[PDB]
Amino acid sequence: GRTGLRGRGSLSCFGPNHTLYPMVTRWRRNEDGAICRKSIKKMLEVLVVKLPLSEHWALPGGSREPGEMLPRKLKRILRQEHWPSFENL
Amino acid sequence: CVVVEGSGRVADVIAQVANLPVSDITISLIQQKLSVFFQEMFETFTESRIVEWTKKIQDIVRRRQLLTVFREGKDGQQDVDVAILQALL
Ligand SMILES: Nc1ncnc2c1ncn2[C@@H]1O[C@H](COP(=O)(O)OP(=O)(O)OC[C@H]2O[C@@H](O)[C@H](O)[C@@H]2O)[C@@H](O)[C@H]1O
């Protein structure tokens, strides 16, 4: 539809600017190791980042300007260097 | 047998399933209502205990003649006597 602002803005190029948002999920265990329980469903854990000048938690997702290292474009400094390519595999 | 409402763990889970039809008991519904009232030891329940307690609650709420709830009317909070008399009759 319409947004109200003509132009490119702070985005890279026109149209879509393609990016990949990976998410990691795992279960939340009790002191015993069994799954903690809600009223009906269960408890889930995600791994999130907080940047020093974002004041917010967000997903470690990067712009898909590089091919496979776009999660590394989110998480080269975050995850690893060589084992990062292994986890990318 | 008269059960008293608003009292404790087993009393509430019997009193909730009082006027329900006998086929409407689901083994999911049993552990659902169980783990909220047994919230201290809710994780200590296994499936065999759930099916045993479901069978017992089924065979109890079948015989609707021999059971009564106190209902915890709580506006007069009259006596046990008004409950015990109807549970006699
Ligand atoms: N979907 C969104 N929801 C909320 N805020 C957003 C979103 N997308 C972008 N922003 C905000 O827009 C601002 C500019 O976007 P980018 O800088 O392109 O986003 P990013 O590169 O992921 O963040 C860079 C981070 O580095 C710090 O220097 C800066 O404080 C920023 O938090 C950022 O502060 C970011 O918080």
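Method information in the entry identifies cryo-EM as the source of the structure, with 3.7 Å recorded as the resolution.

**Q** When you look at the overall build of chain B in this model, what are you seeing that I'm missing?
**A** A count of helical and extended segments in chain B gives four helices and two strands. Helices (α) and strands (β) of chain B occur, in sequence order from the N terminus, as β-α-α-α-β-α. Seen along its three principal axes, the alpha-carbon backbone of chain B occupies a region of about 40 × 25 × 15 Å. Within chain B, contacts between residues separated by at least 24 positions form 66% of all contacts whose residues are at least 6 apart in sequence.

**Q** Is there a simple way to explain the packing of aromatic side chains in this structure?
**A** Between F38 of chain B and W53 of chain B the ring centres are 5.7 Å apart and the planes differ by 70°, which places this aromatic pair in the edge-to-face class. Taken as a pair, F38 of chain B in the loop between α2 (27-37) and α3 (47-62) and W53 of chain B in helix α3 lie far apart in primary sequence, 15 residues in all. Pairing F45 of chain B with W53 of chain B gives two aromatic rings, centres 5.6 Å apart and planes at 80°, and the pair type is edge-to-face. The rings of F38, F45 and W53 of chain B are connected pair by pair, giving a single aromatic cluster. A cation sits over an aromatic face here: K42 of chain A above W27 of chain A, 3.9 Å from the ring centre.

**Q** How do you make sense of the pattern of salt bridges when you look at a structure like this?
**A** Any two side chains of opposite charge can pair if their charged atoms end up close together. A salt bridge links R26 of chain A to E45 of chain A; its shortest N-O distance comes to 2.5 Å. On the criterion of sequence distance, the pair formed by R26 of chain A in strand β2 (residues 25-27) and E45 of chain A in strand β3 (residues 44-46) is long-range, its members being 19 residues apart.

**Q** Is there a simple way to think about unusual backbone geometry in this case?
**A** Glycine aside, a negative phi is what most residues show, and trans is what most peptide bonds show. Here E55 of chain A, not a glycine, exhibits a phi torsion of approximately 55°, which is positive. Tracing the backbone shows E55 of chain A in the loop between β4 (49-50) and β5 (57-58). For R71 of chain B, which is not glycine, the phi dihedral falls at a positive 75°. Its location among the elements puts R71 of chain B in the loop between β2 (68-69) and α4 (81-88).

What counts, and at which threshold
- Residues numbered from 1 in each chain as written, not as in the entry; some residues may be left out.
- Chains lettered and ligands numbered in written order.
- Part of a larger assembly, values for the part shown.
- Heavy atoms only, no water.
- Residues with missing side-chain atoms left out of burial classes, pairs and counts.
- Helix = DSSP H or I, 4+ residues; strand = E, 2+ residues; numbered from the N terminus.
- Contact = heavy atoms within 4.5 Å.
- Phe/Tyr/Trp six-rings, centres within 6.5 Å; stacked < 30°, edge-to-face > 60°.
- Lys NZ or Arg CZ within 6 Å of the ring centre and 35° of its normal.
- Salt bridge = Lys/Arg side-chain N within 4 Å of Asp/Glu carboxyl O.

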